[PDB]
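In the order they appear, the protein sequences are chains A, B, C, D, E and F. Residue numbers for the first sequence follow the entry's author numbering, so the first one is 643 and each next one is one higher. Residue numbers for the second sequence follow the entry's author numbering, so the first one is 1 and each next one is one higher. Residue numbers for the third sequence follow the entry's author numbering, so the first one is 545 and each next one is one higher. Residue numbers for the fourth sequence follow the entry's author numbering, so the first one is 1285 and each next one is one higher. Residue numbers for the fifth sequence follow the entry's author numbering, so the first one is 83 and each next one is one higher. Residue numbers for the sixth sequence follow the entry's author numbering, so the first one is 495 and each next one is one higher. We put the beta carbon where it would ideally sit given N, CA and C, even for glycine. First up is the structure itself, then whatever we jot down about it.
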Amino acid sequence: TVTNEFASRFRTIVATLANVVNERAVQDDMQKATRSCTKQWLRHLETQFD
Amino acid sequence: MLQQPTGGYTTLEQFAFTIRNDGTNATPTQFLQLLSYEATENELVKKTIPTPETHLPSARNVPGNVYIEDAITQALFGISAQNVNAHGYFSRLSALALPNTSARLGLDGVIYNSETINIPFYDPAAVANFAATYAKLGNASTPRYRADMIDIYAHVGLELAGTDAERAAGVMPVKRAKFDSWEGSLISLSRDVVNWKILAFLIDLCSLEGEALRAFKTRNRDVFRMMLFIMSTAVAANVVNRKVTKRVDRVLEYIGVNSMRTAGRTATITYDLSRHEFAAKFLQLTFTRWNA
Amino acid sequence: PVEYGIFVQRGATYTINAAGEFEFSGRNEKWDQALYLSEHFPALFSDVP
Amino acid sequence: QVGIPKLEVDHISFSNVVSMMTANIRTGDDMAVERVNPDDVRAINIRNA
Amino acid sequence: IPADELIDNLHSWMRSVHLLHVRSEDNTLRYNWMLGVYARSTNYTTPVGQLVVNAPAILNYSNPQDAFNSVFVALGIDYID
Amino acid sequence: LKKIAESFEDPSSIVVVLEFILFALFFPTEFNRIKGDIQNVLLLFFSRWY
C-alpha cells in the first residue's frame, strides 16, 4: 500500500553504489571533490526513481 | 559419402600426392631422392613433444561452409598467406568432432554445415577422429596453448634428412639440404604441395589403427617428408644456389633449425609470426599422431 | 625545499587510529574540503614533531 | 594426374580461369569510424610497458 | 665518513620511506616489495604506480607468481620494465 | 551496444555503470541481448576500481 519494491530495489542499488564510490581511492584533489559530489547525485537519482 | 578403404583414403588414386618435376608428375619419394646433405658441426637432439591440450576450441556459430583444406594448406605452404589466426576458422573443425553431428567434411575440403547433394564426403566417423585432434589448430594462437616453434623443428629434421641410424639415435648433425634444380624450384614445389588434398592424409593418419596404420605410415612417409620440406624451406635461414659445371644446385641451410625469419624472400614461402605458430601447432599434432 | 621534502614524504595528511596515534598518508596530495568531513586531517596541523 | 601448370611449359593457352571479386567485395574505399578522444589530457598514460 | 653522520643520515632517510600497503590478518601473505618500492620511486605516476595507490592490497600475495599476474591482468600489460 | 569509451578514472565514471544497471532494470530483455558488450565495459571498470 505504501512500499514499492522497484524503488526499494533501486534504494539498495544506489546505496551499494554510493558506498562503492565512497571506498574509491583518488589521487587528484578534483577527483576527491567529484567523488563527494556523485554521492549527492546518486541520492537525487534515488528520489527521482522513487 | 566416400567409404574409407581398409587402407586410408590415400590408397585411392583420386588422392595421389605428386609434385611436378622433370616434366612429369613425380611422387614425393622420387623427388626426395634428389635430396642430398652436408652435415655441419652443430647437432639436433629431439626432445619429447608436449602432449597437445585436451581443449577443443569452439566452432563458433558460423552460417557458411568453411574451406578448411584451402585454409590449412595455404597456412602451411601458401606463397602469400598472412595473419592466418585472426580469422581463426580452424576452430570450425571441432564442429565435426561431435558424435552424430549434422556437419560433413567434403572431399573439396569444405566443412558443410549440413549434408548436401552431389557433394561426396569422408565417413563421419573418420572425420570425427581427425577433427578430435586437428580442431586444436584452432587454438594455435591462444597464449595458453601455443606450441614450441624451436625444438619441434628438430623432429622435422630427423624425419626428413635423418638416416635410419640417426633416427634410432634421436640425434643428427644439423644438415644442409641440396638438390639439382630448375628455376623457382622451391616455389613450384610449394604450390604443387599446396594443391594436395592433405585432409586425406590427415584423416587416414587419425582414423587408421594397427597394421593398417603402420602400412599407412610406411606408404606415406615421403608425403609427410615433402610437406616437411616445404615447411623447412619456409623456416630455413637462407637458400643459396651453387654453380656446379653447367648445373645449379639449390641449397637450404639448414634443415631442422627454425631461423624464425619473417622477412619475405623470392626463393621460398615465408612464415609471418602467425604462420610460425600455426605450423608449430600442426607439427605438434601431426608428430604426436605419427608416433603411437 | 629540504624540510618540505621530509615533511611531505611523511604524508600530506593523517588519520587517528583507535589507539590514538596519528598515522600519516605517506603521500603527497592536495587537500580538498570534502575531506574535512572525513577521517583525514591536514598534516601541517598535527603538531607531531 | 594433376594437370600441367601453364607456366611450366611454352605453349600458349588462350582460355584461362581468372578469379575476380564480385560487387560485394570492395577494396580501397575510404572507411568511416567513430574516433573518440580521451576525456582529460592529464589522465593519459604515456608510460607503462 | 664519520660513522655518526653516516648513521644519523641513513637512519633519517630510512625513516623517510613509507611504502603503501594494507596490513592483514592472513599468515600466508607477503608484500611485493619490488613493485611497491618501484611505485614509490615514480611517485605513483606510472600505471603500476596508480594501481599501487588505489589498491595497496594488490601487493600482498600468497602464491609468489600471482603477485605479478594480478598486476599484469589488472593493467592488461604484457610486461613491466 | 552503442560502444562507450570509458577509462573509468574519475569517480563520476560510475554514471556509465548506473547507465547499465538502469538499463538492466527498465529493459531486462534487451540488456540480455547486449550484455556481453556491456561486460567489455564493466571489465574496464572493475580492473580500474577493483
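Under a Cβ-count criterion, where at least 16 other Cβ atoms within 10 Å of its own Cβ denotes burial, should residue i be classed as buried or exposed?
i, result
"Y143 (chain E)", "buried"
"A161 (chain B)", "buried"
"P146 (chain E)", "exposed"
"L208 (chain B)", "buried"
"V1293 (chain D)", "exposed"
"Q4 (chain B)", "buried"
"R247 (chain B)", "exposed"
"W196 (chain B)", "buried"
"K243 (chain B)", "exposed"
"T654 (chain A)", "exposed"
"residue 339 (chain B)", "With chain B running from 1 to 292 in the structure shown, residue 339 (chain B) is simply not present."
"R60 (chain B)", "exposed"
"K46 (chain B)", "buried"
"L537 (chain F)", "exposed"
"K497 (chain F)", "exposed"
"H155 (chain B)", "buried"
"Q14 (chain B)", "exposed"
Quick check on residue i - is its C-beta less than 9 Å from some C-beta in chain A?
i, result
"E500 (chain F)", "no"
"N136 (chain E)", "yes"
"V510 (chain F)", "no"
"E583 (chain C)", "no"
"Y113 (chain E)", "no"
"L519 (chain F)", "yes"
"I515 (chain F)", "yes"
"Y126 (chain E)", "yes"
Cβ of residue i less than 9 Å from any chain E Cβ?
i, result
"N561 (chain C)", "no"
"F568 (chain C)", "yes"
"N1308 (chain D)", "no"
"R666 (chain A)", "yes"
"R527 (chain F)", "no"
What does a CB cutoff of less than 7 Å around residue i pick up in its chain, not counting 5 residues either side in sequence?
i, result
"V656 (chain A)", "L684, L687 and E688"
"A71 (chain B)", "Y89 and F90"
"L35 (chain B)", "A177 and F179"
"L141 (chain E)", "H103, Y113, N114, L117, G118 and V134"
For a contact defined as C-beta to C-beta under 8 Å, what are the partners of residue i on chain E?
i, result
"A1333 (chain D)", "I159, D160, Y161, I162 and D163"
Starting from residue i, find everything on chain F with Cβ-Cβ shorter than 9 Å and list it in chain order.
i, result
"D1323 (chain D)", "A499, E500, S501, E503, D504 and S507"
Could you tell me which chain A residues have their CB closer than 7 Å to the CB of residue i, listed as they occur along the chain?
i, result
"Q147 (chain E)", "Correct list: empty, because the minimum Cβ distance to chain A is about 26 Å."
"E565 (chain C)", "Within chain A, no residue comes near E565 (chain C); the closest Cβ sits about 22 Å away, beyond 7 Å."
Does chain F have any CB closer than 9 Å to the CB of residue i?
i, result
"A156 (chain E)", "yes"
"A1327 (chain D)", "yes"
"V644 (chain A)", "no"
Leaving out five residues before and five after residue i in sequence, what residues of the same chain have Cβ atoms less than 8 Å from its Cβ?
i, result
"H55 (chain B)", "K136, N139 and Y145"
"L579 (chain C)", "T557"
"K175 (chain B)", "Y37, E38, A39, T40, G157, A161, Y254, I255 and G256"
Can you find a C-beta in chain D that's less than 9 Å from the C-beta of residue i?
i, result
"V119 (chain E)", "no"
"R191 (chain B)", "yes"
"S188 (chain B)", "yes"
"residue 307 (chain B)", "Outside the modelled stretch of chain B, which goes from 1 to 292, sits residue 307 (chain B), for which no answer is possible."
Residue i CB to nearest chain C CB: under 9 Å?
i, result
"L101 (chain E)", "yes"
"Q682 (chain A)", "no"
"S94 (chain E)", "yes"
Which residues in chain C have a C-beta closer than 7 Å to the C-beta of residue i? List them in chain order.
i, result
"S678 (chain A)", "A578"
So, is the C-beta of residue i closer than 9 Å to a C-beta in chain B?
i, result
"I1288 (chain D)", "yes"
Show which residues of chain F have a CB atom less than 8 Å away from the CB atom of residue i.
i, result
"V1320 (chain D)", "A499"
What residues of chain D sit near residue i, judged by a beta carbon separation below 8 Å?
i, result
"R20 (chain B)", "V1286, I1288, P1289 and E1292"
"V130 (chain E)", "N1332"
Once the 5 residues before and after residue i are set aside, which same chain residues still bring their CB inside 6 Å of it?
i, result
"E573 (chain C)", "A556"
"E69 (chain B)", "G109 and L199"
"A236 (chain B)", "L252"
"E500 (chain F)", "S507 and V510"
"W575 (chain C)", "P586"
"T270 (chain B)", "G264"
Give the interface partners of residue i over in chain E, defined as CB-CB distance under 9 Å, in chain order.
i, result
"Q690 (chain A)", "None at all; the shortest Cβ gap to chain E is about 30 Å."
Using the beta-carbon of each residue, which ones in chain C are nearer than 8 Å to residue i?
i, result
"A649 (chain A)", "Simply none; closest approach about 28 Å."
Going along chain C in order, which residues have a C-beta closer than 9 Å to the C-beta of residue i?
i, result
"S98 (chain E)", "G549, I550, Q553 and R554"
"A675 (chain A)", "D576, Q577 and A578"
For residue i, would you say it is in contact with chain G, using Cβ-to-Cβ distances shorter than 9 Å as the test?
i, result
"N83 (chain B)", "Considering every chain present, this structure includes no chain G. Its protein chains are A, B, C, D, E and F."
List, in chain order, every chain D residue whose beta-carbon is nearer than 7 Å to that of residue i.
i, result
"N25 (chain B)", "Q1285 and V1286"
"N195 (chain B)", "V1286"
Checklist entry - What are the complete alpha helix (DSSP H) segments, minimum 4 residues, inside the segment 114-156 of chain B? => result 124-134
Checklist entry - What are the start and end residues of each continuous beta strand (DSSP E) run of 3 or more residues lying completely inside the segment 31-73 of chain B, in chain order? => result 43-45
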